[PDB]
Amino acid sequence: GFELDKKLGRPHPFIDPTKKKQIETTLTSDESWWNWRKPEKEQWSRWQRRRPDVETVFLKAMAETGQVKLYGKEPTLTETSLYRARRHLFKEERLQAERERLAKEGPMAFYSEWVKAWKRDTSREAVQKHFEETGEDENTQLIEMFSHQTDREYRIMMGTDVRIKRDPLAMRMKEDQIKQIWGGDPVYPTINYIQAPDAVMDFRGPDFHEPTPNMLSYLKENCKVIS
Amino acid sequence: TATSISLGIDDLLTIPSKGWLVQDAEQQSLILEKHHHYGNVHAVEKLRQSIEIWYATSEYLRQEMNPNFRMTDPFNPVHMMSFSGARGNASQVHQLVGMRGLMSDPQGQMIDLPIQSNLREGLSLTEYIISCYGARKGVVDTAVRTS
Amino acid sequence: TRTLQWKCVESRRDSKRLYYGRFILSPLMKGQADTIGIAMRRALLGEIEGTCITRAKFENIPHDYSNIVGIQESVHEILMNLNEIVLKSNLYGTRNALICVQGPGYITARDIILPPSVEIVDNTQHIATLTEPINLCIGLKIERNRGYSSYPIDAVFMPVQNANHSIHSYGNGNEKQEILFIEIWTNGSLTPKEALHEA
Amino acid sequence: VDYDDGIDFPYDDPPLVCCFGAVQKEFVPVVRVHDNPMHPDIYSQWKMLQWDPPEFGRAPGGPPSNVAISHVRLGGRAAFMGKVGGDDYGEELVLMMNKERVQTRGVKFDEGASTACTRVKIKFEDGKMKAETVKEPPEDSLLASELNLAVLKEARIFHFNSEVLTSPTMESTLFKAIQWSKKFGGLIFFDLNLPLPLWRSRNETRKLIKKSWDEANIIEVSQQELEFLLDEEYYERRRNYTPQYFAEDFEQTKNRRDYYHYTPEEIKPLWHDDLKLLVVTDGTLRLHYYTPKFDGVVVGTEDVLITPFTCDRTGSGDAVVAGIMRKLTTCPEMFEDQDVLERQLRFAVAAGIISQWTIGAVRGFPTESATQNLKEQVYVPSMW
Amino acid sequence: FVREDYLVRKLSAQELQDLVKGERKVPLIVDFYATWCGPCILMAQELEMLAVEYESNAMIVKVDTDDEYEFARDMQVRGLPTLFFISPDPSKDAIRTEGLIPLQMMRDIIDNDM
Amino acid sequence: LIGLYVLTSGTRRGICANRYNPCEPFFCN
Amino acid sequence: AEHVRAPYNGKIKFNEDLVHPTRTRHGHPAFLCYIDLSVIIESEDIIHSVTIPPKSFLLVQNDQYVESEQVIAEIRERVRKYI
Amino acid sequence: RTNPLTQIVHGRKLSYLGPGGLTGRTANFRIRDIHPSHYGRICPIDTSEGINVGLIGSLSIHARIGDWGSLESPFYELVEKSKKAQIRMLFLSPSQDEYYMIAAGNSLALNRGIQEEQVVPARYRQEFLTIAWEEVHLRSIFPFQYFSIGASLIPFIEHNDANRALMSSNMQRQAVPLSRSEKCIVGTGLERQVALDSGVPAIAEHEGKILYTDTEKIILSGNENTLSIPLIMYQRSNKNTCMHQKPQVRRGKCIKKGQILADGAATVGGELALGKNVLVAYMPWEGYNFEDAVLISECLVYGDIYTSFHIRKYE
Amino acid sequence: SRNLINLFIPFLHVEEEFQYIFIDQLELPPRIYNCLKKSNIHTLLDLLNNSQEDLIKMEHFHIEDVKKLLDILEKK
Amino acid sequence: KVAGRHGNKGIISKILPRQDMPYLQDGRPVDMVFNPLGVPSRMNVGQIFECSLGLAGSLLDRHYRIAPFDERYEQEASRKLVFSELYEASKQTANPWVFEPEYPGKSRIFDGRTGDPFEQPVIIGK
RNA sequence: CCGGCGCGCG
């Protein structure tokens with residue numbers, strides 16, 4: 001357990017739970033000065049919620065997958081800073097795992113994730129059977145499979161580009177996890193901001209002043225200038 | 001060009017302990033205002049406390065800004081743009097990732113309301129008006145530094 | 001039959017003047033896909049020639065910033081509409097065409113009298129609308145060229161609208177082979193397959 | 001009545017709710033007289049009555065379709081039961097409910113009727129112009145044979161307004177539907193939303209609503225509706241009272257807005273045996289709740305002045321009712337635990353607050369994520 | 001010299017009674033509204049557009065429910081916005097529409113029902 | 001200056017180079 | 001003016017008889033220190049010691065709980081104010 | 001008359017100069033500073049650059065000139081229960097501005113107490129406080145209350161330093177109308193206000209129907225009154241910038257009095273349109289964006305994205 | 001030069017020779033209707049987007065329901 | 001001279017062919033390249049917000065008219081608006097480079113002269 | 001082809 005995970009760098013508490021002590025009993029607000037007393041009622045702060053960020057979402061995803069383990073369910077700010085310091089190593093581990101999976105399964109099985117219209121069996125044994133029965137080798141079958149891929153699916157698959165190398169954790173991350181990067185839906189609805197790109201401004205709307213009268217016509221209307 | 005350093009919204013890194021320190025300063029300012037209303041402290045004691053507690057908080061964020069960049073995000077674009085000596089100093093980065101601190105009215109005195117938000121978070125309407133005090137000084141002091 | 005094959009994995013005609021095509025090329029040895037992709041991208045964006053209208057001659061116009069009675073569009077709008085006509089030709093030289101109609105009605109791209117070596121890509125492209133029976137004779141000048149440029153018309157000769165490519169690991173590292181995809185967007189003057197072959 | 005319908009299934013989550021009545025665009029039913037009118041022509045001044053509203057229109061409700069749409073946007077599953085015509089407007093309304101993922105399998109079409117159109121004849125009784133209904137609109141013409149028994153079986157909460165009580169056909173259909181819903185185990189949610197005719201006199205409205213009032217397990221009324229149903233003048237006098245010499249406590253010296261909490265003894269005339277929860281709403285500011293075991297108030301707030309040019313209170317009560325149903329269908333402990341009840345009612349308070357920030361009822365209904373975010377922002381973490 | 005910005009005229013209960021009693025050649029469209037009602041702003045703009053469309057072929061009037069509350073209740077008004085389409089023929093019956101109905105719906109009612 | 005700083009900023013070292021405690025090519029020129 | 005901040009979460013342990021009570025410029029009770037006072041913070045892992053230099057204001061009390069980065073000690077014209 | 005923005009902001013300037021006023025050398029150094037009485041009346045950002053800094057001001061969006069030569073801004077009044085308060089928006093002169101507790105915060109805060117005891121920042125006697133809601137008299141609720149037209153056209157202005165806000169306002173006044181205009185994807189919502197009040201677009205003076213449209217005129221007929229509205233075609237400004245109008249309506253369209261009929265220069269669909277939306281990257285590129293240089297593509301050239309007409313006059 | 005040309009030769013090689021018609025408006029049995037929602041199908045466009053292979057895969061769906069679906073669609 | 005609405009001014013010093021400009025993961029070359037060092041010294045962060053939201057609006061066919069000081073509703077109100085609209089454009093148009101969970105608002109782009117990606121993700125927008 | 005006034009740029 002401890003004293004070995006700490007040596008090897010495996011996930012472990014910063015403070016050993018066995019070598020841990022409580023902080024005894026402190027002042028009870030009856031033996032304390034007025035300026036050091038806890039308020040009777042909790043005070044609204046506007047800082048009472050923890051700020052959302054990328055680190056929290058990625059740490060929660062990695063704790064779900066078991067790559068790292070945290071002290072509790074929600075990563076702390078210390079853990080968030082540590083992840084920000086060491087975040088490239090875990091992404092490299094995920095990328096290497098994806099490369100190993102590609103090498104093991106084969107191109108047909110690996111890239112069929114982004115070709116949903118392909119219903120044939122994509123295992124290496126099935127590919128070899130198809131080659132023996134039809135004479136179409138693995139490359140021909142691969143070209144045939146990519147002929148059913150859509151442009152949306154192809155653009156999603158570009159995260160596997162050897163030059164892009166998108167994080168596999170981010171590629172498979174779901175919308176509910178992604179929204180927590182910025183904290184979810186804004187309380188003020190965006191529909192108030194949205195305007196059509198071809199919209200023509202209605203100058204008789206509720207947000208406009210009354211139509212500006214012609215100055216000469218306004219003077220003549222009030223009977224100030226004769227014809 | 002090959003590295004192509006850039007600047008995003010999440011690259012502007014506030015230190016992890018700002019929310020802890022802002023809440024602490026808010027709790028002490030709430031307690032003193034109640035006891036000032038009770039008549040347990042006088043006006044100068046309240047005026048000094050708000051100025052100095054928020055100046056100490058603002059200056060502590062600036063000190064910890066660099067070790068936070070050096071230990072947790074050494075290749076952060078904001079850090080590299082200033083730590084290398086290229087463009088920008090620690091004071092201007094503090095205006096972006098820490099807090100703008102305290103301003104001053106034209107007749108020397110400091111305003112008894114801190115700007116506890118940085119430019120990434122977005123100044124409130126009250127804070128933006130207060131920050132215009134220093135904007136006016138810079139343009140006016142330019143017209144006398146040259147002449 | 002061939003160990004190295006290419007095929008069009010998707011072809012799509014979004015409109016009369018926007019064609020799309022995606023092509024595959026596998027298996028490639030490591031490093032070949034990058035070279036092919038960059039050279040093909042630069043050839044598609046810079047080396048493919050197109051045919052455009054470059055000069056139109058009017059007869060009763062003081063300057064290109066004036067109007068014609070009975071024609072809803074001014075001379076400037078007529079020239080802008082003429083600049084958007086997509087042509088196709090395999091030959092070089094300054095061919096000339098003719099617009100000679102009597103109104104009223106709509107003057108579309110099918111009203112251009114083309115020489116036999118030039119063809120119209122989109123017949124429905126709009127030039128001008130005649131509201132009353134007036135005479136309108138316009139002499140055009142057409143040539144095939146690269147890049148971009150009697151009233152001169154700023155002709156953009158590039159027929160490829162956009163290009164893209166991606167490189168993917170083929171699989172197990174026997175020779176670390178790669179898969180190349182190429183996406184081509186054209187204006188209909190030539191298909192994406194024709195653009196690939198010409199590049 | 002005799003047997004069941006369809007095939008029994010475990011049913012998906014969240015539990016379904018049914019909204020019964022008319023599907024209309026906007027159309028706030030609660031109309032009274034206000035003493036602070038703006039310019040009759042310049043509607044750009046009328047937003048000033050949105051941030052200084054009449055008290056009866058602080059959190060207006062609307063048709064049940066608004067409640068269904070709001071409930072679906074808050075993460076619940078809802079079905080609407082009613083009839084529309086076979087014209088363009090009926091199809092437009094059904095399309096609006098479909099794009100909001102409201103189940104329209106309970107919607108009955110009438111090819112021979114014009115949606116939201118009523119035939120009336122104009123008469124001149126005793127020297128005053130009057131009208132009488134010739135042919136009711138299809139929204140008031142749903143028959144008991146046109147109901148959808150699968151919806152009534154699956155739905156765990158049955159919701160309706162007192163607008164159906166202004167139509168006899170809809171009244172009979174409503175009572176048959178309530179019988180069917182109570183047979184299958186559903187709860188009856190009476191959202192009063194008194195229309196203009198039902199504000200004429202207290203006793204007439206009490207007699208008109210007594211049966212449906214006694215057939216309801218959950219009732220939501222506004223402060224104005226409750227005080228009209230009990231005694232308007234008594235509470236008007238009580239609010240206007242001012243001590244002559246000195247206040248009875250320090251808090252009475254501040255001249256704060258009156259948030260009087262009605263005692264259950266005052267509520268006693270309107271209470272009955274099957275009533276599990278009564279909620280009195282003073283807009284989003286106060287949520288007075290009454291159960292057979294306990295009673296209390298949830299303190300809320302509002303800020304339409306934060307966005308003076310987009311604020312609109314239409315649909316806020318629909319959002320409050322939808323949030324109440326959303327928390328009731330997933331938290332059965334609300335009916336028995338007071339702390340849980342208040343914590344879940346703060347969600348409906350937040351939902352009502354957000355709904356006041358947008359022009360249009362349907363256009364401005366909040367989502368569950370935004371409502372939870374606003375709830376956590378407004379309240380301290382111990383009140384979550 | 002300066003044209004008025006609004007074509008829809010506001011009438012009292014008595015004036016509306018006199019208008020309905022008198023001989024009518026074009027359809028009469030009666031609007032019930034209140035300035036405190038949010039939906040009534042959009043209805044006001046729609047009815048201004050409708051009045052612009054039907055120059056002299058229709059008559060658009062509006063009644064405020066804060067001034068004629070009892071008259072509105074007598075006319076079977078259950079909420080706002082509420083429109084009454086009154087045909088010039090006394091034999092025919094008027095049509096009451098409730099809600100923010102589309103402008104095309106108003107045009108259809110006026111053309112094919114009045 | 002930024003280009004030179006990035007060029008001469010050396011290897012990631014220590015815990016920023018390996019996830020675990022460790023219990024590179026050689027070029028002629 | 002330099003602020004001594006608590007380096008750990010823990011319990012403040014010092015003898016209040018070696019310090020002189022005062023009143024800060026902010027109106028708070030405090031202890032003036034003119035000696036080489038030793039302050040003990042009983043943290044969660046081990047006991048830590050913080051040295052407070054003389055001529056400094058000690059703002060905390062004995063047996064008080066402190067958080068990390070919390071100010072525990074302070075080291076150190078004519079205007080008209082209207083009420 | 002460079003663009004529609006310059007036509008309207010020029011008339012809203014406030015100057016300490018002129019006859020009866022202080023000169024730049026005469027001007028005191030305590031003047032040119034921001035005074036707390038300026039809030040809502042004089043924009044704290046907009047000022048002239050150079051020797052005349054702090055001496056040429058600019059009126060706020062909601063500012064009004066009173067009947068005593070004083071500037072007024074509207075504030076929302078919060079009053080007790082027993083008060084009619086038919087209109088709660090009252091314009092406040094600077095003399096009575098000090099003696100009101102004016103808050104700019106919101107009421108979205110609740111604890112185990114009640115809402116009236118929550119604290120918000122406020123202004124009182126030329127200082128900033130933090131008091132409870134029950135002690136607040138007036139609220140500042142308008143979004144563009146404290147700014148001029150120039151500063152009110154900057155999206156996400158609260159994330160920009162106020163020093164650059166002054167520079168940004170000046171640069172928008174130097175924008176050249178392009179031969180083709182397009183609306184901004186991101187704006188503040190004041191572009192429609194600027195277009196309406198500049199007179200560059202054609203605004204109907206009479207309700208009716210559209211019967212005929214072309215480059216030279218638009219014909220509108222309503223209530224037996226048929227009018228003919230000419231359109232400006234390639235005219236010159238005082239700054240050698242082209243003025244041009246194009247129709248925005250089609251034949252057979254019903255028009256209200258005061259609705260748009262045509263679009264002018266730097267105006268699309270009834271909004272101010274001074275620029276273009278272009279694809280942009282933020283990276284160094286081989287020193288060609290050193291300091292403040294900008295690297296652009298040929299597409300902006302042969303596409304005529306930033307092509308403008310300039311007309312000189314020779315007499 | 002030869003390697004580049006060989007890299008670009010192969011491209012010249014030749015070879016030897018309902019959105020707005022919803023499920024609810026359709027009179028469906030309650031069992032079939034509820035199964036579609038559990039599998040997140042709301043519009044007839046999406047119903048026609050799924051082959052009969054995937055329709056049977058989702059829970060509580062039988063062969064009889066597949067035949068019933070085809071008959072109703074043929075009648076509308 | 002060109003400028004944005006955030007005090008970001010500059011002189012055009014170079015014009016390149018489209019095949020030489022850096023291009024995105026959809027293959028489109030950019031039209032302008034701005035120096036990132038001009039933000040920290042000038043302290044105008046609002047231009048980074050506008051470019052990201054302008055890109056989202058162009059893909060979603062939306063325009064945005066936002067009143068200033070939107071943080072009066074909630075903390076980081078502009079960040080939530082821009083990030084959620086960037087993700088909506090990424091999801092609807094199937095362009096995963098438009099919103100990157102690792103570094104929102106920034107994406108890897110390629111050198112138009114070599115076809116090799118630049119090492120660091122670049123903040124792009126419209 | 002001389003000076004004042006006003007507005008700007010770096």
Side-chain angles (χ1 to χ4, degrees), chain B residues 87 135-147, chain H residues 1-27 31-32 42-59 148-151 153-154 160-178 194 198 236-243 265-266 272 274-275 287-294 306 308 310-315, chain J residues 1-14 34-35 37-39 41-44:
Chain B
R87 187 61 174 178
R136 181 58 63 88
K137 298 178 181 302
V139 192
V140 167
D141 291 358
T142 299
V144 299
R145 176 180 169 173
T146 46
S147 63
Chain H
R1 316 188 74 195
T2 304
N3 47 77
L5 176 59
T6 47
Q7 300 191 24
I8 53 178
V9 300
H10 198 173
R12 303 175 55 89
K13 290 194 305 177
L14 300 161
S15 62
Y16 290 87
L17 317 180
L22 42 87
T23 328
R25 192 59 48 85
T26 292
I31 320 189
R32 310 157 174 263
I42 306 179
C43 178
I45 295 180
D46 198 71
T47 187
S48 57
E49 294 182 347
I51 184 179
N52 288 331
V53 58
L55 305 179
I56 315 294
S58 193
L59 288 160
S148 60
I149 307 182
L153 294 169
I154 302 174
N160 300 324
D161 191 14
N163 297 90
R164 288 285 146 165
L166 171 63
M167 303 178 54
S168 174
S169 305
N170 302 340
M171 301 181 206
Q172 281 195 83
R173 290 164 46 186
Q174 306 168 3
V176 187
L178 307 171
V194 168
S198 64
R236 181 193 172 269
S237 65
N238 70 324
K239 300 298 182 180
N240 304 328
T241 53
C242 173
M243 297 179 173
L272 180 67
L274 297 180
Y288 286 98
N289 47 16
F290 187 68
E291 299 289 349
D292 276 1
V294 180
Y306 286 99
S308 61
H310 299 268
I311 307 174
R312 278 81 205 190
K313 178 196 61 180
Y314 304 95
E315 273 194 349
Chain J
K1 198 173 184 179
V2 289
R5 292 172 299 182
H6 311 268
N8 43 326
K9 56 181 173 188
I11 300 290
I12 286 91
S13 65
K14 192 69 168 185
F34 289 120
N35 203 27
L37 280 71
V39 182
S41 55
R42 278 57 186 257
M43 289 181 297
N44 41 6

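The figures that follow rest on heavy atoms only: side chains count, while hydrogens, waters and symmetry mates do not. Naming: A, B, ... by sequence-line order, numbering from 1 per chain.
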Mind checking if J:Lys9 touches a base, just sugar-phosphate, or nothing, with heavy atoms under 4.0 Å?
sugar-phosphate

To the nearest angstrom, how far is H:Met167 atom CE from K:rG10 atom P?
7 Å

Please determine if a side-chain N or O atom of H:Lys239 lies less than 4.0 Å away from the OP1 or OP2 oxygen of K:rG8.
no

Write down the distance between CD (H:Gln174) and P (K:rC7), rounded to a whole number of angstrom.
15 Å

d(H:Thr6 OG1, H:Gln174 CD) to nearest 0.5 Å is 10.5 Å

Distance from H:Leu178 atom CG to H:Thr241 atom OG1, nearest 0.5 Å?
11.5 Å

From the options K:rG8, K:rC9, K:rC7, select the nucleotide whose nearest atom is closest to the side chain of H:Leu17.
K:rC7

Starting at the 5' end of RNA chain K and moving along, which residue's nearest nucleotide shows up first, H:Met171 or H:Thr23?
H:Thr23

Atom pair distance, as rounded to whole Å: CZ in B:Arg145 and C1' in K:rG10:
16 Å

What is the distance, rounded to the nearest whole Å, between atom CD1 of H:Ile56 and atom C1' of K:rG8?
12 Å

Rounding to an integer number of Å, can you tell me how far H:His10 NE2 sits from K:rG8 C1'?
11 Å

For the student: nearest non-hydrogen atoms of H:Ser148 and H:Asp46, plus distance
OG-CB, 3.7 Å

Gap between atoms CG and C1', on H:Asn52 and K:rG6 respectively (whole Å)
10 Å

Spacing between H:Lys13 atom NZ and K:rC7 atom P, to the nearest angstrom
6 Å

Would one find more than 12 heavy atoms of other residues, nucleotides or ligands at under 6.0 Å from atom OH of H:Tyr306?
yes

Please state whether the phosphate of K:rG8, meaning OP1 or OP2, lies under 4.0 angstrom from any side-chain nitrogen or oxygen of H:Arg173.
yes

Can you tell me how far P of K:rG6 sits from CG of H:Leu55, to the nearest Å?
11 Å

